[PDB]
Amino acid sequence: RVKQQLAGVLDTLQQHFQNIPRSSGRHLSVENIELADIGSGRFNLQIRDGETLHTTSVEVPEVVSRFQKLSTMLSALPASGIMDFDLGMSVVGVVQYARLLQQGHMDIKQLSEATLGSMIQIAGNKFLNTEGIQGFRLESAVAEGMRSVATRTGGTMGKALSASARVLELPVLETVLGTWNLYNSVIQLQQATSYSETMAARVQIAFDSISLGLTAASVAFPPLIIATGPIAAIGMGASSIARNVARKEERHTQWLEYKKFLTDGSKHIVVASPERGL
Amino acid sequence: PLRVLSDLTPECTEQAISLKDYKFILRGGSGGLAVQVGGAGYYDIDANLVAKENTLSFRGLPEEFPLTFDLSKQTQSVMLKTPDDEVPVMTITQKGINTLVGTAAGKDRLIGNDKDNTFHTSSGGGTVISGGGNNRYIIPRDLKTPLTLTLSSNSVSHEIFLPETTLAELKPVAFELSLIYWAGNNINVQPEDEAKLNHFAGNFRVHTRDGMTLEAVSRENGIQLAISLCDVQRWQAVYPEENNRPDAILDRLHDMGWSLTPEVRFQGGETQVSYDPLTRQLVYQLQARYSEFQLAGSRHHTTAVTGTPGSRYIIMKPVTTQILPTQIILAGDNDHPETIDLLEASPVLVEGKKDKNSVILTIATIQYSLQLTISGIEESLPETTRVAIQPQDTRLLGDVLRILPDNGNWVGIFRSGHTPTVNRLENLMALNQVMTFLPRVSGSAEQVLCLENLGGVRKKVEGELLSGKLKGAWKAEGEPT
Amino acid sequence: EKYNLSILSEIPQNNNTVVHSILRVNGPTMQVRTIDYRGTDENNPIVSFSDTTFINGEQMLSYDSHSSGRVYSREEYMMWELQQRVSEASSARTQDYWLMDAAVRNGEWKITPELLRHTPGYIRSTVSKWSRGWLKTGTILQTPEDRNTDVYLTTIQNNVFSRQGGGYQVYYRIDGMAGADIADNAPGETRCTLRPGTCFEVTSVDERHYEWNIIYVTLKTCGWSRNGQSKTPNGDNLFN
């Protein structure tokens, strides 16, 4: 349903954009980001494209109705106790998609999908933050929602939401923001994939990354340390020449023994192995 | 530093007392720090809490050397038991140590701080006092004296590792959180109070050399340890002879008698497995596209496999009576199909009924029987997947479920005897001036060549054998050719 | 398998832009190559290929040069032939039938060297994980030294290119067959042996069926390079 909704809004924005030429990419700049009408999804699209142009009329009533139903469950927090996990996967997917596209950062198709994701983000800021706080965070909101769901209904779904929310709160893993993103870049640029397979690739990486995040699969094993051994260090090899000095004999022999002791103690002061490291 | 206190000889003790006046000052960074004591002296540890770990090793101490230590206090000394008196041999002033490593085979009595600690308990016995926060423990095998882990009031969890101990040597005890051996010094665990054991729900983790992971759980009235996570790769590493087939290890654990957690995660090998003892249900989770899988039934539990778009599922011969039904879930697309069945094992009778958005197949061999349930994530079962019954009878699932009615009544899909098992089906219109070859199969003596006309006019083949021996032509079951 | 002749013809294409067509006989394949010479430039003449195999034992066949086959290059044509072979195409079946017929001419099942000289070889292998776009044209692959790898000549009857194993299925079409000794095979199976330590020169790795876990590779035998790595980056052995 996200596939079909995004395709519909994509063709809507494309037929809205025809009035001005594409002029490569990044030129539209989608300066206006405001949802004028909640019910009809009257997203204001000021597609400047250099000159004065405001295609601020567009019909996006697809995702916003979902978001309204989301705020509905949220308001039903003290009035209902029906477990709702499917919107659970819905939110953990839309927010992770938004963060993935924001971090990833030109064809209009992909340039537009980024605008749809940003619209998702601002709409979430809208209903999730009933008041206005500049420090509003989406992960805090989904954490509060999962806490309410777990308190209302407990069990395997509760730990599933806790794991998913905690993983989403954690920053995107370096490999997740790494290998898959430039993998998609290679498969979309060096290989001439059209819009459909690239779009499917984006959604499949997003959803399976959420799926692997919400599940746990790892092994831990502390390293073993035993019998850490320096050299023998008998201890009688030093401060013992004086035992052979007090023999009631010539003082010069004792002196030369002492200087020999000082020499043999100052010929191996430091020995280092740069190749070994120690 | 140097090993100046190794043995209990008088000379080593003499040099220890003579050199104990030495001073060491250590100022490490956040990248990790590992200090070792030389056996005698004054130590000034200046570490930082930002560092992940800061280990202080006592393995340089002599064997069977009883010592006590406390991470809470900054300045302390170690009472070396010199002949007829005690001498301060360590003078430790720590600032950022979070790891306390004991001796090799000596008595150790160490106390942690109110933060995370990691202990390397010596293989000599003693009494370990835990601290607060999160504490890890590492204990080798063959102790000399039972250990007594004193849990703290402000601690939140405890995890224990046994890098040289397999589960076969452990023994379960009901309503006893402590660990009991079969032949050896058992380890007892107890907090400052015996009332708040319930606080350690999901907080008491135990590992094993073979890969087994033990986890405490509260029952309706008490507390008992059980099994949650298992490693199958490391179990093969320690047992290379036994089969990496999860239900085998499952029944081994059942024989040993260990209880199980409400949900069990089998991790390792190439797939992941979820097991529930309450529902007695073993589910597999496939994630590799086009991966051939051996699906085997069992009498002790119900088996279910969730596939990927392209994998092929294999059904082998059942071996024991009363095999519980098995289920397959199809993730196939409309252009990546699955060979959901490779029923070449023993297809004597194959029947099916159509249940709600699913197909229930009964596969009966000469004496045994098996029940399979084909379904899919999509509400409508795909009609592209292939069902292979005979070596040359590979039909489509669409034709199959078109055959079955909606009443739910069984319909015979395949029965042997009516026709022989076709090893090579060839069409007459494609037989003109051609040369047919069949591979050699050991024994069998059943290599047939079914010539299907489907032409409408009588045909005549004048062929000669280049290699083989023709054993007549089949007409009916139990009748010589 | 004895004829191995070539036919030269010239076609007055349009008014004066004539083309030269070379016809080659390979059992059931009527190979044609069309060079346009000065159509674009004196050198670099665009070439195309098409096949007109006798399928279903037919007697007539017509070639109108505009409905059977498109403009292809040498490597593209070889890869197309491999794609036909791996799929259950009538062309591959006819070629295998003709080869088996040619094997039993003298009365027994013996494969003469001049029979190999006329036909390519085919291998299949399985890979646990295949990097998407790691192998490029002009690389040099090497057959394992500890083992003595085997190659086939017919893949339809022998049931070789069936989807066996789990993972990436890689098919190999080798052109140069001289030098690989014939294994002592049963009367009805064809199998040759490839000397261990024999380099191959990869040409035109095509991966358009990557989403189906299918990879096609066309190799050309070379002498002895011994210059660089010749295995997968992950580490699983080729020629399984």
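General observations
- For segment A:80-99, the condition holds for no residue, the condition being that it is touching a strand residue (DSSP E or B) at 6+ places or on another chain (Cβ under 7 Å), among the hydrophobic types (A, V, I, L, M, F, W, C) and under 30 Å from residue A:22 (Cα atoms).
- Residues of segment B:57-96 that turn out to be over 44 Å from the mean Cα position of the chain (by Cα), of a type in the set (D, E, K, R) and in a strand (DSSP E or B), as a count: 3
- Output for segment C:98-111, where each listed residue is surrounded by fewer than 13 Cβ atoms within 10 Å (Cβ to Cβ) and either more than 14 Å from chain B (Cβ to nearest Cβ) or among the charged types (D, E, K, R) (or both): C:105, C:108
- Any hit, segment B:79-86, residues being within 27 Å of residue B:52 (Cα to Cα) and aliphatic (A, V, I, L, M): no
- Condition met for residue A:123 (crowded, with 19+ Cβ neighbours inside 10 Å and among the small types (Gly, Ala, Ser)): yes
- Applying the condition of being touching a helix residue (DSSP H, G or I) at 6+ places or on another chain (Cβ under 6 Å) and assigned to a helix (DSSP H, G or I) to segment A:174-198 and asking which residue is farthest from the other protein chains (Cβ to nearest Cβ) yields A:195.
- Within segment B:406-461, tally of residues that are hydrophobic (A, V, I, L, M, F, W, C) and assigned to a loop (DSSP other than H, G, I, E, B): 14
- Every condition in (1) assigned to a loop (DSSP other than H, G, I, E, B); (2) in contact with a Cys (Cβ under 6 Å, 6 or more places away or on another chain) holds for residue C:201 except the one numbered (1).
- Positions within segment B:235-279 being of a type in the set (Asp, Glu), in a loop (DSSP other than H, G, I, E, B) and within 14 Å of another protein chain (Cβ to nearest Cβ), in sequence order: B:270
- Filter result (over 27 Å from residue B:264 (Cβ atoms) and surrounded by fewer than 14 Cβ atoms within 10 Å (Cβ to Cβ)) within segment A:204-224: A:204, A:223, A:224
- When residues of segment C:133-180 are limited to those that are within 14 Å of chain B (Cβ to nearest Cβ) and of a type in the set (A, V, I, L, M), the one nearest to residue C:111 (Cα to Cα): C:153
- Members of segment B:408-461 that are among the aromatic types (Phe, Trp, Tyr) and more than 45 Å from the chain's Cα centre (by Cα): B:437
- Filtered residue count, segment C:113-147, keeping only those that are polar (S, T, N, Q) and exposed (fewer than 15 other Cβ atoms within 10 Å of the Cβ): 2
- Checking each residue in segment B:21-80 for being surrounded by 15 or more Cβ atoms within 10 Å (Cβ to Cβ) and polar (S, T, N, Q) picks out B:36, B:54, B:55, B:57, B:68, B:76.
- Search result, residues across segment C:80-105 that are hydroxyl-bearing (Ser, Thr, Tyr) and more than 22 Å from residue C:49 (Cβ to Cβ): C:97
- Tally of residues being among the hydrophobic types (A, V, I, L, M, F, W, C) and assigned to a loop (DSSP other than H, G, I, E, B) across segment A:1-46: 7
- Within segment B:280-294, residues that are over 23 Å from residue B:263 (Cβ atoms) and more than 11 Å from chain C (Cβ to nearest Cβ) have Cβ atoms under 9 Å from residues that are in a strand (DSSP E or B) and among the polar types (S, T, N, Q) in no pair, counting only partners at least 6 apart in sequence or on another chain.
- Segment A:142-173 - residue that is in a helix (DSSP H, G or I), within 17 Å of the chain's Cα centre (by Cα) and β-branched (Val, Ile, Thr) and, of those, nearest to the other protein chains (Cβ to nearest Cβ): A:167
- In segment C:188-235, the residues that are within 14 Å of another protein chain (Cβ to nearest Cβ), in contact with a strand residue (DSSP E or B) (Cβ under 6 Å, 6 or more places away or on another chain) and closer than 26 Å to residue B:338 by Cα: C:206, C:207, C:213, C:214, C:215
- Taken together, the residues in segment B:143-164 that are part of a loop (DSSP other than H, G, I, E, B), within 14 Å of chain A (Cβ to nearest Cβ) and either surrounded by fewer than 21 Cβ atoms within 10 Å (Cβ to Cβ) or in contact with an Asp or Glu (Cβ under 6 Å, 6 or more places away or on another chain) (or both) amount to 2.
- Evaluated against (1) in a helix (DSSP H, G or I); (2) under 20 Å from the mean Cα position of the chain (by Cα), residue C:53 falls short on exactly one condition, (1).
- Any chance residue C:114 is assigned to a helix (DSSP H, G or I), of a type in the set (D, E, K, R), over 16 Å from the mean Cα position of the chain (by Cα) and away from chain B (no Cβ under 14 Å): yes
- Counted residues, segment B:310-361 - those being within 14 Å of chain C (Cβ to nearest Cβ), within 25 Å of the chain's Cα centre (by Cα) and outside any strand (DSSP E or B): 2
- All positions within segment C:1-53 that are of a type in the set (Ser, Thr, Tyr) and exposed (fewer than 14 other Cβ atoms within 10 Å of the Cβ): C:3, C:6, C:9, C:17, C:40
- Considering residues of segment B:102-120 that are touching an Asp or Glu at 6+ places or on another chain (Cβ under 8 Å) and in a loop (DSSP other than H, G, I, E, B) only, the residue farthest from the other protein chains (Cβ to nearest Cβ): B:107
- Inside segment B:405-457, residues that are among the acidic types (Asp, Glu) and within 14 Å of chain C (Cβ to nearest Cβ) make up a count of 1.
- Test: residue in segment A:226-237 that is away from every other protein chain (no Cβ under 14 Å) and hydrophobic (A, V, I, L, M, F, W, C): no
- None of A:206, A:242, A:201 is more than 10 Å from chain B (Cβ to nearest Cβ), small (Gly, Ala, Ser) and within 30 Å of residue B:7 (Cα to Cα) except A:242.
- Summed over segment B:373-392, residues that are assigned to a loop (DSSP other than H, G, I, E, B) and buried (at least 20 other Cβ atoms within 10 Å of the Cβ) total 3.
Readers should treat all values here as calculations from the given coordinates under stated rules, not as data from a laboratory. Please note: Cβ atoms are built from the backbone with ideal geometry, for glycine as well, and neighbour counts cover all protein chains shown.
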